[PDB]
Amino acid sequence: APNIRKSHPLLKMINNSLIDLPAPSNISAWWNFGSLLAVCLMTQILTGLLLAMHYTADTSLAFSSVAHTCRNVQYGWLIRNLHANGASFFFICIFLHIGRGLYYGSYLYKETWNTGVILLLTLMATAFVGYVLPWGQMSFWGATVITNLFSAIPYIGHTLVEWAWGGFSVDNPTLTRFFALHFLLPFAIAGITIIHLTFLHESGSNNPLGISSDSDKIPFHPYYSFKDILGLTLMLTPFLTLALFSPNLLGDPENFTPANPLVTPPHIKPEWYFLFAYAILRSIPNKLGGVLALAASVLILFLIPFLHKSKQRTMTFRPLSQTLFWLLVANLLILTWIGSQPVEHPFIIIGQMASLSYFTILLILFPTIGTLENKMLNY
Amino acid sequence: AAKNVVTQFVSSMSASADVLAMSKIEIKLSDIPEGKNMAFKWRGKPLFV
Amino acid sequence: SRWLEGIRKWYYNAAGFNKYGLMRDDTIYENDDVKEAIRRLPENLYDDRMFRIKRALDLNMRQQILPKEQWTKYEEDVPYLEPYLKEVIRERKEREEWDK
Amino acid sequence: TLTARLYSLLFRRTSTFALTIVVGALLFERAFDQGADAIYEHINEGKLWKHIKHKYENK
Amino acid sequence: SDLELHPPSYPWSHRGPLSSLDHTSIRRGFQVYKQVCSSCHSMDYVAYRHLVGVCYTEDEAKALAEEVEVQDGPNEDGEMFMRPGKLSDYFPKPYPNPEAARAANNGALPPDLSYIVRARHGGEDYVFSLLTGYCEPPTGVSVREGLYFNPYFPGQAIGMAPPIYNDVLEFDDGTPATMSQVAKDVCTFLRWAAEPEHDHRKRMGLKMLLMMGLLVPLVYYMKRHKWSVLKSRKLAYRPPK
Amino acid sequence: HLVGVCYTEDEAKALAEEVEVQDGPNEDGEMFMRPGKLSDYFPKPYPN
Amino acid sequence: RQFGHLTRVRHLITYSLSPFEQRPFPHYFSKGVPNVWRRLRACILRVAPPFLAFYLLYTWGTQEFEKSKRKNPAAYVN
Amino acid sequence: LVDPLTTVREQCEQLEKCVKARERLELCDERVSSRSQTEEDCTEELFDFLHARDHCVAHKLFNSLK
Amino acid sequence: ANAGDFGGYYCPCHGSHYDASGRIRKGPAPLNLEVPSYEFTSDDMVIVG
Ligand code: HEM
Ligand code: HEM
Ligand code: HEM
Ligand SMILES: CCCCC[C@H]1C(=O)O[C@@H](C)[C@H](NC(=O)c2cccc(NC=O)c2O)C(=O)O[C@H](C)[C@@H]1OC(=O)CC(C)C
Ligand SMILES: C/C=C(C)/C=C/C=C/[C@H](C)[C@H](C)[C@H](C)[C@H](C)CCc1oc2c(O)c(OC)cc(OC)c2c(=O)c1C
Ligand code: FES
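Reading the values: rules and limits
Residues numbered from 1 in each chain as written, not as in the entry; some residues may be left out. Chains lettered and ligands numbered in written order. Part of a larger assembly, values for the part shown. Heavy atoms only, no water. Residues with missing side-chain atoms left out of burial classes, pairs and counts. Donors = N, O, S within 2.8 Å, 3.2 Å for Na, K, Ca; no water. Tetrahedral: all angles 85-135°; square planar, octahedral: opposite > 155°, others 65-115°. Helix = DSSP H or I, 4+ residues; strand = E, 2+ residues; numbered from the N terminus. Buried < 20%, exposed > 50% of the residue type's maximum accessible area, 1.4 Å probe, protein only. Near = heavy atom within 4 Å. Polar contact = N/O pair within 3.5 Å; in protein donor to acceptor, adjacent residues only side chain to side chain. Contact = heavy atoms within 4.5 Å. UniProt positions renumbered as here; feature names shortened; annotations may be inferred.

### Side note on the coordination of the iron atom of ligand 3
All names here are of chain A. Protein coordination of the iron atom of ligand 3 is provided by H97 (NE2) and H196 (NE2), with donor distances spanning 2.1 to 2.2 Å. Each of the six donor atoms bound to the iron atom of ligand 3 contributes to angles spanning 84 to 178 degrees, and the resulting shape is octahedral. Of the two residues, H97 sits in helix α4 (residues 76-102) while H196 sits in helix α9 (residues 186-202), which places them 99 residues apart along the sequence. Relative accessible area serves as the criterion here: at 17%, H196 is assigned to the buried category.

See below:
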């Protein structure tokens, strides 16, 4: 090969995943989400790796340390800001990325999709820790529930927790051992992400119409490379805007008060990118039920591929399920609001309700409106 | 071989060989008038009287 | 009271996959059966379908569609693959049953 | 005719192009900052330490 | 009753995504903290060091920190001993420990005001209100021995007595030291205090915004420039017959 | 440690009683001495 | 999957011009903006509805809550 | 020396809303302090006032402050 | 303490309401609060543990 861009074991990979990669010609922004997700993975790993350069995982020093890392380290403040927010831009993109995939049945690439879930899960997992790290009122009390959340699993539970975290109560150990997980985990996300793309490439990228694209397919490089660099700057501007103008805009301030093992803040509102499932959890009064609900609240994505009935892949030609879809996306934006809302009649019910449409819309509505639309075509 | 190495590197966390027993606390009941509840720092978690 | 006929017509224009100018069948996700189906297609209809798809893609990729004129009309939609696909399926269902 | 003069001389040879990105960046920097800094400060007259530094250094 | 009153918004001199903090105001904000809050309110994350170049002068802050003696390292004979507060010391703690403070403030714990502004929803708007805003409990409502009604505070019963009235001090710059006024200055401080980066952070934001403005279009052209090959493009099916 | 290795629980406990240790803040917050429990570390002879 | 082994494509003549011989800008106000609306108006009636519905359920929910807080002038007329 | 606050709360305490509120309160106040046994509290009413008062207190107060 | 619909307790985490006895009455909480080992040593004395 005179090529080189193809005759070099390493070098090929690149000129095979960034150049020369066949990608569908027709692809909406909803396809950038992922390349972005990467940039987050990076921005997170880069900033956090750098923020760990100043963190001091240990109760008595943990909180302050960060403060120091901000006030004392040049641009250390910027680093933090960026980090906590990448967290979000990260969940945002992920939340959108899942959207797109859901409504173009990209979940048909199963493996590429299943791995995806894992990523989500992990990204949810890693983000749980890390937030504990700054050891604020939130950090602490989040540690205590989320962890204790495994209380539900019988027999192996109470035990698994008094292990999950340090000894018998969220205390220093749990902290150090969390930092470790956090420092570690992201690198797992990175790995799996590789596994994710691998599975993908096995099957070209999807495409909005949901019909073969071999008919077209353009060289990833010339095109999409730019397109990514663009989307990079686009959904980079907001994230930065936040980080430079109203950083804590998304960040609960309650966490600015160092942890107190004795008083959980009246008004414990979990992180936004978590609220939905949060709601679901509390609107199902039963430790186990509460948890279970939650369990499936996210662990349901795994079933979407089996809850696909449309004779067509995407649903751009499925106006019916189509609105059912937004009924879902909104039913989600709802659960969220209902999550950032205390528990009283005005809410609560609304809660468990949406926290019912959620499931049904998925487990039942979709597949039904699914076959139905096929018959409205003689299929 | 493994069975153990596992067990080992599994208890290399559970507990910590550091356990207390402050199980004994003295309270002035007069500090808590009728109708209210006082909270105390006791054994890693709060105590209500 | 309400014609399934009357309805299908709805859904058809509602799906609006004819705005891109491609027959119903030009859409059905390509699963094992369909592939075999399409692989049985007479070369005539194949190249036809292809272009229709590439055109569809090209449009879609431009975000623009086909002039109100060129949309395909419900009654004129040609189920060019349904027939093959069906044999396929039953061919299979025949085999699947025999292997028991 | 700028654009033409530019291309031929600056953007044609991949060797050159780059060279102007550099020398250009140096210029863009220096200029963008001074401009930015000014825009900023001006939108905050008498509020910055640079601006009160004087009640222990006059103004 | 989970019934509460939400603090009105004041057009602070530094609210604007592009407006820095009135450093003059912070200077006073500092003094009001030093002269009246720094006797109950600890502020562990700042230090005279900062004031230098932001609202005070090197020599100014140095002599400013001399103003306090601090317990420092072991002797040769090893014994804590006091000595003039240097420049690098952190703002003095009023109490050796919390429970000590709680025993000094009618059983309450005056929270450290380092990150106060961003630890309570509302920041300055809240804080300001809280200070300038005490009053007799409406009827049927009775605050117990030692507390003081303040509508804006949850429970409406605070353990902090109105710590700010007219003249409590005298801003050496010649500023009508009215409550409203001082209380303002304290808040603008509490802000910087909570996030010194403020200005530097917004200025930055400025530039960041001018780059997006400039960069994104550029790459947009580039994105379109490159795609035109396709956007433009034209198909056609020509079989032989 | 001593417990189970060269001493007995009750043995070490009373063994640790043998020393008073400076411990946490009052309510009025002030270091105060109190009987050395079982979990204390061997006494330091010098403050520093 | 790489290039040259994608599909059996026959008889498709495509003509495209170098980007430098054409204009990227494009034809806004002619085909540009028009199609944009051609779409806002196409899906508006398919996307907005549910969001709108939420909104209501949000407001309703909030007001009611904010109401159930205020006293019934007649919870004690005596 | 006079606190621009108190002066500006004077003007504000006169705006239509304040009055339509200050009144609503005044009643409740003397509506609860007039009885021996009542659970009512004039907090709510109190807020509504404040809420309204301070609101303009803000629209103007910072103008007189340096 | 001193909050909730059962005049005992309320946990802001998931809405579990407790009665003044520490029992769970409403919400997702599973068992009633923990009652430590204790006794009174006199008229004003109370010892927990
Ligand atoms: C000095 C200008 C000053 C400020 C500013 C101030 C503010 C302040 C805040 C914002 C809080 C409370 C926030 C909350 O919701 O808990 C707070 C709390 C207390 N303070 Fe204060 N305070 C100022 C000065 C002083 C001074 C001089 C004293 C001691 C005389 C004092 C005390 C306290 C106490 C006690 C509280 C406790 C609140 C409670 O738990 O009920 N403050 N202060
Ligand atoms: C996968 C992406 C990551 C996620 C989801 C993430 C998320 C978080 C979050 C939300 C916090 C709490 C921040 C806050 O207080 O608001 C955090 C803290 C932290 N993260 Fe990450 N993190 C990630 C990766 C990293 C990496 C790779 C490291 C280093 C190995 C890291 C090190 C830290 C440090 C130092 C803190 C403590 C200081 C702080 O709280 O800001 N993070 N991370
Ligand atoms: C770990 C972060 C993740 C990264 C960085 C990542 C990356 C990618 C990328 C870049 C693609 C290429 C096409 C595109 O951009 O959409 C892709 C596709 C896909 N990813 Fe992810 N992904 C991540 C997480 C997930 C998650 C959480 C899901 C789970 C629902 C998921 C599901 C998919 C699907 C279904 C596709 C294939 C179909 C298609 O591309 O149209 N991904 N992902
Ligand atoms: C030495 C560098 C090797 C390059 C690695 C890097 C490589 O896959 O880069 C792209 C192709 C990848 N996305 C895409 O290919 C992609 C695919 C379909 C459409 C679009 N665009 C939408 O319009 C894409 O953008 C994007 O998601 O990054 C991944 C995931 C990976 O990088 C990650 O492991 C890094 C993590 C592990 C830290
Ligand atoms: C080290 C990692 C371990 C032990 C594993 C933990 C597993 C993490 C999982 C994926 C995470 C929490 C998921 C987003 C779950 C499903 C959502 C539930 C969730 O619930 C919460 C909750 O009920 C709270 O009650 C007061 C408070 C909270 O924060 C202050 C949260 C919270 O932050 C999250 C998020
Ligand atoms: S933590 Fe008590 S309601 Fe769940």
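### Some remarks on the site of ligand 1
Residues and elements named next belong to chain E. Around ligand 1, the structure places 24 residues, and the nearest of them are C37, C40, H41, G159 and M160. Measuring from a nitrogen atom of ligand 1, one finds a side-chain N or O atom of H41 at 2.6 Å. Here an oxygen atom of ligand 1 sits 2.8 Å away from a polar atom, N or O, in the main chain of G159. Elements represented by at least two residues in the shell around ligand 1 include exactly α1 (23-37), α5 (123-131) and α6 (179-194). Counting residues per element, the shell around ligand 1 draws most heavily on α5, which supplies four residues.

### Let's talk about the side chain of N26(A)
Along the chain, the position of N26(A) falls in the loop between β1 (22-23) and α2 (35-51). A distance of 3.2 Å separates the side chain of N26(A) from the side chain of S25(A), its partner in a polar contact. A distance of 2.3 Å separates polar atoms of two side chains, one belonging to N26(A) and the other to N207(A). In this view, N26(A) contacts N207(A), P208(A), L209(A), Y224(A), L57(C), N60(C) and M61(C); residues no more than four positions away in its chain are not counted.

### A word on the UniProt feature "binding site: heme b b562" in chain A
Residues and elements named next belong to chain A. Feature annotation in UniProt places "binding site: heme b b562" on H83 and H182, given in this structure's numbering. The largest pairwise C-alpha distance within this set of annotated residues, which runs over 100 residues, is 13.0 Å, so the set is compact in three dimensions. For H83, a relative accessible area of 16% corresponds to the buried category. Those residues in contact with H83 that sit more than four places away from it in its chain are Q44, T47, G48, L51 and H182. By the element assignment, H182 lies in helix α8 (residues 172-184).

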